[PDB]
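> Okay, handing you the structure first.
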Amino acid sequence: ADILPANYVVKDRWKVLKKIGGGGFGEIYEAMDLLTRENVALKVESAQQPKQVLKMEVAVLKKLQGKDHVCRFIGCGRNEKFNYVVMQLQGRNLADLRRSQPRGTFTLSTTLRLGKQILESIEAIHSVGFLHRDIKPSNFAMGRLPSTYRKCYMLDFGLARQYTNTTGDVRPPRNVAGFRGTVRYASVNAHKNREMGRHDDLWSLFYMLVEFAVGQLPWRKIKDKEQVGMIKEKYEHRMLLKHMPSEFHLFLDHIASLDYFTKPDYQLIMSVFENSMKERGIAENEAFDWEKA
Ligand SMILES: CC(C)(O)C#Cc1ccc2[nH]c3c(c2c1)-c1nc(N)ncc1CCC3
């Protein structure tokens, strides 16, 4: 029931090696580029699929070309059986890398430097008029080249939504919007089925970095969406920072001040990470936790 069988060739050029990801809305393959001779990521959507989402993912990926933390766009197309996009192949995701660490915790020096890169990628997608709406560790992957192995890449625009109109204006929010993303790193706004904003992507970043540094979130054992929302709604969030750098209280306070309409202060949040590093003498050139160094 896979859309492409192994050794299937797309457009006489990309040869399927194996499936590397799957879900309701399509599949991702590692393929060999019979022209450039590197391997690539080949993401496919069944032609017959009711909700056609790939066309928007490709539009977002093309808008982001030239930005750091973005896969290179190789090709796309359309035929009677499937839509596809070919993109740069990336490596290990941050969820797998976090689980591989002894206590499921990154050093502050890894956490803060990933934070800078993820924040850059969030501002980037926001700058072309889209919300990601499923910011989570498994959607960020480290590079797999000498030129990219300390670079973090933003994946999966499958749940993204344009928050501007044709003419650059902020769109009206729907009075109710069904939150369809991952429970653990969802904002209290998303839990309430409110229209998501730029601030909700930065809430997801906040929860990710607490989990990175501390090794857990208070609700991690609870999978039910409506229970997790009720736990978050009451949780004293300044408790989450007990063992985090104090400069995180600026980040929390800022994103708590934001609504759907307000452009976030990305530079305020960047300065939290940069001041946290400077305080501790963390350098940018440091080993990540998962490297031999
Ligand atoms: C078109 C766009 C940007 O929206 C997308 C997307 C995308 C969704 C789901 C995915 N699952 C995986 C990947 C992936 C990508 C993946 N992608 C890449 N390029 N390298 C490596 C991997 C790791 C293997 C698993």
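Ligands are numbered from 1 in the order shown, residues from 1 within each chain, and chains are lettered A, B, ... in the order they appear in the structure tokens.
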Give me, as a PyMOL selection string, all polymer residues having an atom no more than 12 Å from residue 53 of chain A, counting only C-alpha atoms and skipping those fewer than 6 positions away in the same chain.
chain A and resi 24-26+43-47+59-60+83-85+156-161
> Counting only C-alpha atoms, what are the residues of segment 46-99 of chain A within 12 Å of segment 196-214 of chain A, and for each of them which pair of atoms is the nearest and at what distance in Å, to one decimal? Sort the table by chain and rising number, as JSON lines.

```
{"residue": "A:94", "atom": "CA", "partner": "A:212", "partner_atom": "CA", "distance": 9.1}
{"residue": "A:95", "atom": "CA", "partner": "A:212", "partner_atom": "CA", "distance": 9.1}
{"residue": "A:96", "atom": "CA", "partner": "A:212", "partner_atom": "CA", "distance": 11.7}
{"residue": "A:97", "atom": "CA", "partner": "A:212", "partner_atom": "CA", "distance": 10.2}
{"residue": "A:98", "atom": "CA", "partner": "A:212", "partner_atom": "CA", "distance": 7.0}
{"residue": "A:99", "atom": "CA", "partner": "A:212", "partner_atom": "CA", "distance": 9.9}
```
> I need the residues from that last selection saved to file as a compact mmCIF listing (two decimals), in the first residue's frame (with N, CA, C and O atoms), if you can.

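Result written to again14.txt:
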```
# COMPACT_ATOMS: atom_id res chain seq x y z
N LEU A 94 15.81 16.11 16.21
CA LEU A 94 16.22 16.55 17.56
C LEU A 94 15.56 15.64 18.62
O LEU A 94 16.16 15.44 19.69
N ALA A 95 14.39 15.09 18.35
CA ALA A 95 13.70 14.16 19.30
C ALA A 95 14.56 12.89 19.47
O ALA A 95 14.80 12.47 20.62
N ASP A 96 14.97 12.27 18.37
CA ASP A 96 15.84 11.07 18.40
C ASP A 96 17.16 11.42 19.10
O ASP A 96 17.63 10.60 19.91
N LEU A 97 17.76 12.56 18.78
CA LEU A 97 19.06 12.97 19.37
C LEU A 97 18.88 13.19 20.88
O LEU A 97 19.78 12.82 21.64
N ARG A 98 17.74 13.75 21.30
CA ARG A 98 17.49 13.99 22.74
C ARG A 98 17.31 12.66 23.46
O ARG A 98 17.89 12.52 24.57
N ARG A 99 16.61 11.70 22.84
CA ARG A 99 16.34 10.38 23.48
C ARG A 99 17.65 9.58 23.58
O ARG A 99 17.72 8.69 24.46
```
> Run DSSP on the backbone and grab whatever in segment 35-80 of chain A lands in helix (DSSP H, G or I); send it over as number ranges by chain.
A: 54-63
> Could you state the separation of atom 11 (N, counted along the ligand's line) of ligand 1 and atom CA of residue 136 of chain A in Å, given to one decimal place?
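Between atom 11 (N, counted along the ligand's line) of ligand 1 and atom CA of residue 136 of chain A the gap is 12.5 Å.
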> So that each row is one residue of chain A with an atom at most 6 Å from ligand 1, can you give its shortest atom pair and the distance in Å to one decimal, using only C-alpha atoms and all ligand atoms, rows by chain and rising number, as CSV?

```
residue,atom,partner,partner_atom_place_in_ligand_line,distance
A:20,CA,ligand 1,24 (C),4.9
A:21,CA,ligand 1,25 (C),4.5
A:28,CA,ligand 1,11 (N),5.9
A:41,CA,ligand 1,19 (N),4.9
A:57,CA,ligand 1,4 (O),4.4
A:58,CA,ligand 1,1 (C),5.7
A:61,CA,ligand 1,3 (C),5.7
A:87,CA,ligand 1,19 (N),5.7
A:88,CA,ligand 1,19 (N),5.3
A:89,CA,ligand 1,20 (N),3.9
A:90,CA,ligand 1,20 (N),3.6
A:91,CA,ligand 1,21 (C),5.6
A:155,CA,ligand 1,6 (C),4.7
A:156,CA,ligand 1,6 (C),3.5
A:157,CA,ligand 1,4 (O),3.6
A:158,CA,ligand 1,4 (O),5.4
```
> Contacts of segment 230-243 of chain A at 9 Å or less, counting only C-alpha atoms, minus same-chain residues fewer than 2 places along, as a VMD selection string?
chain A and resid 187 to 188 191 207 210 213 to 214 217 to 219 225 to 228 245 to 246 248 to 249 252
> Write the residues of the selection above to a file with N, CA, C and O atoms, as a PDB file, in the first residue's frame.

```pdb
ATOM      1  N   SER A 187       0.349  25.399  22.372  1.00  0.00           N
ATOM      2  CA  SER A 187      -0.015  26.543  23.247  1.00  0.00           C
ATOM      3  C   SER A 187      -1.397  26.317  23.859  1.00  0.00           C
ATOM      4  O   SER A 187      -2.227  25.495  23.332  1.00  0.00           O
ATOM      5  N   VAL A 188      -1.684  27.069  24.917  1.00  0.00           N
ATOM      6  CA  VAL A 188      -3.021  27.053  25.562  1.00  0.00           C
ATOM      7  C   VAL A 188      -4.046  27.615  24.553  1.00  0.00           C
ATOM      8  O   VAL A 188      -5.136  27.052  24.482  1.00  0.00           O
ATOM      9  N   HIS A 191      -4.959  24.680  22.320  1.00  0.00           N
ATOM     10  CA  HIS A 191      -5.816  23.790  23.138  1.00  0.00           C
ATOM     11  C   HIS A 191      -7.261  24.300  23.140  1.00  0.00           C
ATOM     12  O   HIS A 191      -8.219  23.451  23.213  1.00  0.00           O
ATOM     13  N   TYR A 207       8.353  25.490  25.016  1.00  0.00           N
ATOM     14  CA  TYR A 207       8.159  24.163  25.636  1.00  0.00           C
ATOM     15  C   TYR A 207       9.271  23.197  25.196  1.00  0.00           C
ATOM     16  O   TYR A 207       9.785  22.424  26.037  1.00  0.00           O
ATOM     17  N   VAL A 210      12.575  23.961  27.220  1.00  0.00           N
ATOM     18  CA  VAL A 210      12.450  23.463  28.617  1.00  0.00           C
ATOM     19  C   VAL A 210      12.673  21.943  28.591  1.00  0.00           C
ATOM     20  O   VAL A 210      13.463  21.416  29.381  1.00  0.00           O
ATOM     21  N   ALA A 213      16.437  21.078  28.063  1.00  0.00           N
ATOM     22  CA  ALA A 213      17.358  21.405  29.181  1.00  0.00           C
ATOM     23  C   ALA A 213      17.022  20.579  30.425  1.00  0.00           C
ATOM     24  O   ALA A 213      17.958  20.322  31.228  1.00  0.00           O
ATOM     25  N   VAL A 214      15.755  20.232  30.629  1.00  0.00           N
ATOM     26  CA  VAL A 214      15.264  19.647  31.919  1.00  0.00           C
ATOM     27  C   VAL A 214      15.010  18.153  31.719  1.00  0.00           C
ATOM     28  O   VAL A 214      15.038  17.424  32.707  1.00  0.00           O
ATOM     29  N   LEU A 217       8.617  17.526  30.240  1.00  0.00           N
ATOM     30  CA  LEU A 217       7.556  18.507  30.597  1.00  0.00           C
ATOM     31  C   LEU A 217       6.565  17.876  31.568  1.00  0.00           C
ATOM     32  O   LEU A 217       6.447  16.662  31.660  1.00  0.00           O
ATOM     33  N   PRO A 218       5.898  18.682  32.406  1.00  0.00           N
ATOM     34  CA  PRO A 218       5.092  18.141  33.506  1.00  0.00           C
ATOM     35  C   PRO A 218       3.957  17.204  33.061  1.00  0.00           C
ATOM     36  O   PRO A 218       3.508  16.412  33.899  1.00  0.00           O
ATOM     37  N   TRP A 219       3.489  17.360  31.824  1.00  0.00           N
ATOM     38  CA  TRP A 219       2.312  16.654  31.245  1.00  0.00           C
ATOM     39  C   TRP A 219       2.740  15.507  30.309  1.00  0.00           C
ATOM     40  O   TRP A 219       1.841  14.931  29.665  1.00  0.00           O
ATOM     41  N   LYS A 225      -5.620  15.164  24.603  1.00  0.00           N
ATOM     42  CA  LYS A 225      -5.507  16.611  24.266  1.00  0.00           C
ATOM     43  C   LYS A 225      -6.236  17.477  25.318  1.00  0.00           C
ATOM     44  O   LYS A 225      -5.689  18.478  25.737  1.00  0.00           O
ATOM     45  N   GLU A 226      -7.454  17.138  25.711  1.00  0.00           N
ATOM     46  CA  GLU A 226      -8.287  18.042  26.586  1.00  0.00           C
ATOM     47  C   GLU A 226      -7.766  18.113  28.095  1.00  0.00           C
ATOM     48  O   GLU A 226      -7.565  19.192  28.653  1.00  0.00           O
ATOM     49  N   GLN A 227      -7.344  16.963  28.608  1.00  0.00           N
ATOM     50  CA  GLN A 227      -6.523  16.870  29.884  1.00  0.00           C
ATOM     51  C   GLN A 227      -5.245  17.732  29.813  1.00  0.00           C
ATOM     52  O   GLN A 227      -5.039  18.484  30.738  1.00  0.00           O
ATOM     53  N   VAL A 228      -4.420  17.612  28.769  1.00  0.00           N
ATOM     54  CA  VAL A 228      -3.106  18.335  28.665  1.00  0.00           C
ATOM     55  C   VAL A 228      -3.357  19.850  28.646  1.00  0.00           C
ATOM     56  O   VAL A 228      -2.639  20.597  29.334  1.00  0.00           O
ATOM     57  N   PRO A 245      18.066  29.277  32.613  1.00  0.00           N
ATOM     58  CA  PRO A 245      18.633  30.601  32.813  1.00  0.00           C
ATOM     59  C   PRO A 245      17.488  31.593  33.034  1.00  0.00           C
ATOM     60  O   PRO A 245      16.487  31.486  32.306  1.00  0.00           O
ATOM     61  N   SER A 246      17.680  32.492  33.990  1.00  0.00           N
ATOM     62  CA  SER A 246      16.688  33.510  34.403  1.00  0.00           C
ATOM     63  C   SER A 246      16.168  34.280  33.167  1.00  0.00           C
ATOM     64  O   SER A 246      15.097  34.753  33.260  1.00  0.00           O
ATOM     65  N   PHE A 248      15.282  33.511  30.429  1.00  0.00           N
ATOM     66  CA  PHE A 248      13.998  32.875  29.969  1.00  0.00           C
ATOM     67  C   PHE A 248      12.735  33.570  30.548  1.00  0.00           C
ATOM     68  O   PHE A 248      11.706  33.505  29.848  1.00  0.00           O
ATOM     69  N   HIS A 249      12.791  34.296  31.683  1.00  0.00           N
ATOM     70  CA  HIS A 249      11.571  34.968  32.239  1.00  0.00           C
ATOM     71  C   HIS A 249      11.106  36.162  31.339  1.00  0.00           C
ATOM     72  O   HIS A 249       9.847  36.454  31.245  1.00  0.00           O
ATOM     73  N   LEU A 252       9.236  34.213  28.335  1.00  0.00           N
ATOM     74  CA  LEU A 252       7.899  33.774  28.828  1.00  0.00           C
ATOM     75  C   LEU A 252       6.960  34.986  28.883  1.00  0.00           C
ATOM     76  O   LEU A 252       5.788  34.914  28.434  1.00  0.00           O
TER      77      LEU A 252
END
```
> For the strand (DSSP E or B) assignment from backbone DSSP, which residues of segment 7-237 of chain A qualify? Please present them as a ChimeraX atom specification.
/A:9-10,14-23,26-33,39-46,73-78,82-88,93,130-131,140-142,152-154,161-162,164,170
> With distances taken over only C-alpha atoms, which of A:261, A:142, A:108, A:179 is nearest to residue 163 of chain A?
A:261
> Can you work out the spacing between atom CA of residue 35 of chain A and atom CA of residue 82 of chain A in Å, to one decimal?
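A separation of 21.8 Å between them.
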> What's the separation between atom CA of residue 16 of chain A and atom CA of residue 50 of chain A, in Å to one decimal place?
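Pair atom CA of residue 16 of chain A / atom CA of residue 50 of chain A returns 24.8 Å.
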> Can you pull out the residues contacting residue 93 of chain A? Cut-off 8 Å, using only C-alpha atoms, and skip same-chain residues under 4 positions away; I want them as a PDB file with C-alpha atoms, in the first residue's frame.

```
ATOM      1  CA  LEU A  97      19.064  12.965  19.369  1.00  0.00           C
ATOM      2  CA  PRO A 137      11.711  18.459  18.001  1.00  0.00           C
ATOM      3  CA  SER A 138      11.064  15.646  15.409  1.00  0.00           C
ATOM      4  CA  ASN A 139      10.379  18.423  12.752  1.00  0.00           C
ATOM      5  CA  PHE A 140      14.000  19.760  13.048  1.00  0.00           C
ATOM      6  CA  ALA A 141      16.892  17.695  11.622  1.00  0.00           C
ATOM      7  CA  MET A 142      20.652  18.265  11.692  1.00  0.00           C
TER       8      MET A 142
END
```
> So that I can see what lies close to residue 70 of chain A, please list as a list in words the residues with an atom at most 7 Å from it, counting only C-alpha atoms and leaving out residues fewer than 6 positions away in the same chain.
residues 64, 153 and 154 of chain A
> Which residue out of A:3, A:112, A:183, A:42 has the minimum interatomic distance to residue 274 of chain A when only C-alpha atoms are used?
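With only C-alpha atoms as the atom set, the closest residue is A:112.
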> Return the single residue from A:152, A:6, A:34, A:56 that is closest to residue 71 of chain A, with distances computed using only C-alpha atoms.
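Of the candidates, the smallest distance to residue 71 of chain A is held by A:152.
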> For a quick check of understanding, using only C-alpha atoms, which of A:280, A:63, A:11, A:37 has the smallest distance to residue 77 of chain A?
A:11
